[PDB]
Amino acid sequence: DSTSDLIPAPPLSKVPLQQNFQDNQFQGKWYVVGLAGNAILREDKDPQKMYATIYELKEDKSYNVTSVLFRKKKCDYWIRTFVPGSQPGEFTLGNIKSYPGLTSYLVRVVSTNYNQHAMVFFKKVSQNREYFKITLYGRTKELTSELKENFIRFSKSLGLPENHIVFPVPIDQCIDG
């Protein structure tokens, strides 16, 4: 039992897909350098820490995707599968039935140059609520003011105000394996 209120998800027409997506080149470790979404809230008290996400391309061309987070003084690992969707660079979550409440989960790689930066769009419906986010990935923990501003401009184009955009603080624990 609850009430909640969310900024509506954008139409998918407003979310570009990276042209000629190269699944092999996208593999390896990415740091989460920016986050924006209808459940992202800039929280001064307890700032969001950076985490890392590792993409491994399997034989069947799905990804095994592993996120590594520092929480409660430990390294925490979240492993899931991205299954190729309706065009290259688009995916759905594998084994959706195994996640209670979850009815849909879409990933779309918006842009990347494979060896420095990427922006990836996610949309999920859980308990009948529609969440969306944009993740800014870096191959390193830093990215430029310019790239941050581009991410902010893109996020705003999807209806997000500035207080729904955060830049996680770089850390050294866990994520530099």
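Quick note: we count residues from 1 along the sequence shown, nothing fancier.
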item	value
Selected stretch [higher average CA B-factor]: 68-76 or 82-90	68-76
Of 44-52 and 129-137, the one with larger mean CA B-factor	44-52
Third of the chain's Cα B-factor distribution that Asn150 belongs to, per the entry	middle
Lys61 by Cα B-factor - lowest, middle or highest third of the modelled chain	highest
Lowest, middle or highest third - CA B-factor, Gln22	lowest
Modelled-residue ranking by C-alpha temperature factor, third containing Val107	lowest
